[PDB]
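Shown here is one chain on its own, the form deposited in one PDB entry, set out as structure tokens.
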């Protein structure tokens, strides 16, 4: 459960948040495969409640109605097609598994679902699965309201409702089986792993019981004995009775301290500075690298919906975001996930964005098609961070330097640092308020390299900055603090 199951040489996955199955199928063939991406996180593929007030928010997808592969992203046939095509070009699919609960208890009964399924929250009836009152933790939860009231109580966090979401009785073999039924259907379809949503609200042991019921990956695309990749969403920052280390036995975990700390260091908040990143990783009190799934932002905190707070960097802070993603992709710690979002009308009031609920680009509820512009960018309000030269190229950089050790670190005691990955790559950052001009030991073989942030190495030439490495591996770097992208990166494959 610790291996991503990506084919040899691909080191990252991208979250194509809210994308339609058909657009992802195309993306695998026309971009992801060619550009070297390892896989994709898809939004929950199972049927959810259709919420019209507000109008189809993104979070209505974390409010399950059944396990039918039928959502605004597409039906089951489109889903299978997508998984097939993507696998056929070596790009894996990872399903966002929402198994801790069903919908909110206050939701009106009826057939307001993405697939017409009938559900009745008030009476605990989800006939499409089916589930009834006996399958929820109502009698087990001890809070007066029935919802989680105190996170300092590990029991309560697991047995009570997360903001009213009907909590499933995961200790029951029946419920465990209905969930494994769902997951094995996906596995046999060809998916390579799962993101276990809200794993903090499930007992480590109940999760393990469910994983024991799972098949090995589809033998038509994966070698015999392959177990699905499992990453647990567990938000573990400061003091709480629950620790992310309690889930190491089921798979990897989301290391949220990563994006929070990186955000403040790069924002230079409260005395933080890049020079402190020398011992980035476990040295900062993070989980072990082989159990970590890292990222700069995720669908929740990029809109202030989770831990990380104000320090989190997102596409809205483009300049510093590229720098953070750059550092992440260059550094060896953990397994990296790149975010790919859509624009929404941020409307800040008293410091809070009242439009954080807005769902994906759409026409009367119908999600918009991802259109590709002549410059490879996207239209219809899809941000497509994964298509940004600086990010796309750093995804490739990670692939090239994969396995190479961290070395040749340099820092001016402030905000301009540099380090390399063995003799396969080197990167330099200037985050100070003054220019950076200096000759640094790079550890790369002599030659002329194309900087992959400012340009590309296209047919014998660089479209951007060029770096010259001498015989002793030295090379000169000059980065004005006024550069659009205050950092340079070169690797074995960008050498002319």
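Numbering follows the first chain given and starts at 1. Throughout, rigid core stands for the largest set of C-alpha atoms superposing within 1.5 Å between the two forms.
One more form of this protein exists, namely the form deposited in another entry; it is left out here, but the text below deals with it.
No residue of 306, 104, 204, 379 other than 306 has its CA displaced by 2 Å or more between the shown form and the other one when the core is superposed. Put the two forms on the same core and the Cα of residue 316 is off by 2 Å or more between the shown form and the other one.
Taking the rigid core as fixed, one finds a CA shift for residue 468 smaller than 2 Å between the shown form and the other one.
For residue 354, a C-alpha deviation of 2 angstroms or more is recorded between the shown form and the other one after rigid-core alignment.
Compared with the form shown here, the Cα atoms of residue 138 and residue 305 sit 3 Å or more closer together in the other entry. Shown here is a form in which the CA atoms of residue 315 and residue 394 lie at least 3 Å closer together than they do in the other entry.
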